[PDB]
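Next up is one chain by itself, shown in structure tokens, the form deposited in one PDB entry.
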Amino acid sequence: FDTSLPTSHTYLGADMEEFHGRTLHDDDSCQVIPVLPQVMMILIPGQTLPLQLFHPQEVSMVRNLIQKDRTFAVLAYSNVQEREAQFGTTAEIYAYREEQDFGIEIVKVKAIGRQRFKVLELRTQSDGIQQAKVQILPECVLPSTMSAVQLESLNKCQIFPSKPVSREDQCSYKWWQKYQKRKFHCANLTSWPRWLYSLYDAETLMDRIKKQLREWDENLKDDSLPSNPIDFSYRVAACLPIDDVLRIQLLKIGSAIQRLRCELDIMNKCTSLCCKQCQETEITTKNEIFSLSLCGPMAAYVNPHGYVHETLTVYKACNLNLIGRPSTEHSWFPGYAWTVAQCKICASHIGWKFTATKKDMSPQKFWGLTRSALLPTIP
């Protein structure tokens, strides 16, 4: 089906009281922001997080947070648990509603990462929620590499014409070569060639990543993937399956160009996926992962008991056993059901099988694999 339904989380609720999001701090700051417990994942800025909180204390914290500035900390827990965190992301709330249900206090929340911080101290409060003294990392952008030695005479020959049509044979290599030769004409003053300066270019890395991502979807260049280097880098980082340590490493990166180069390197050096209790599995084909969502291959989704199963959508997978009828109670994708897919050796839960219901769609397949137990076994 379309790609705009798996981004509003209609399984959670329909009548969400939304808010216009304007809440930003200014670089160097010492601000105390609340930390929601029982959440353990790395949140890239710009990524949506759906929360369904049941415990009375967390509900009260969210109720107080809505009235004040709607922001809370999502600490990027390292390999060590028990508050052993050093970095994290601030999440702004824009969706919120309560449902008495079988009378407890249920609150459903949707929030997106906004800024990046490093923690200084983690003062705990006797109420059950812990605050966090955090310093906010600035979003620094470096100037153009040619601007340092750009010739004064050669400044008008820098505004290139827009992209003609899109993704046509001989419409990329022919134009990109001319762009490289014209923009980096001052490279001959220095002792480095033009292609080396093209390696550290802003738009060039964007287009290489776009070319290597077009194997996943058909999104138009003029939209979808944002033109902003920062937004593009974060969006690309939030939609790739590798281990947490590399998410923390990518989050630590300060400049957009360094992050873009790191994303290209990892994207070239990743080949397979594997179970995280076993030796091998068949999902090894990383080429067959398709984005049936506007948010990319992956997004964050919440089950009926609050647990946030981040899910990777794949078209084929083996070494999994399917148990149960195709139930569709709390389906994340409205048209399909789920049938809980286990592992074939270690008997560990890995994703679901989204069987279909109608004719003119994918009658089967579309497996959604959870990130928790996928080990990117790149040889």
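Between two forms, the rigid core is the largest collection of C-alphas that superpose within 1.5 Å. The numbering used is simple: start at 1 and walk along the sequence shown.
This next part talks about the form deposited with a small molecule bound, which is not shown.
- None of 181 to 189, 139 to 147, 254 to 262, 212 to 220 except one has non-hydrogen atoms within 4.5 angstroms of the small molecule in the deposited bound form; the exception is 212 to 220.
- Interface residue among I230, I112, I266, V119 relative to the small molecule in the deposited bound form, by the heavy atom within 4.5 Å criterion: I266.
- For the options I248, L294, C274, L199, the one in contact with the small molecule in the deposited bound form, meaning a heavy atom within 4.5 Å, is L294.
- The small molecule is not shown here, and in the deposited bound form it never comes within 4.5 Å of any heavy atom of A73.
- Interface residue remark: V107 is not counted as part of the site for the small molecule in the deposited bound form, having no heavy atom within 4.5 Å.
- Proximity of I289 to the small molecule in the deposited bound form falls within the 4.5 Å heavy atom cutoff.
- In the deposited bound form, no heavy atom of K133 sits within 4.5 Å of the small molecule.
- Measuring CA movement between this form and the one not shown with the rigid core aligned, the set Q249, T71, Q131, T284 has one residue at 2 Å or more: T284.
- Taking the rigid core as fixed, one finds a CA shift for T204 smaller than 2 Å between this form and the one not shown.
- The rigid-core alignment places the CA of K365 2 Å or more apart between this form and the one not shown.
- Relative to the superposed rigid core, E105 undergoes a CA displacement smaller than 2 Å between this form and the one not shown.
- Whereas the displayed form keeps them at a certain spacing, the CA atoms of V80 and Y307 lie at least 3 angstroms closer in the deposited bound form.
- Relative to this form, the distance between the C-alpha atoms of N219 and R235 is increased by at least 3 angstroms in the deposited bound form.
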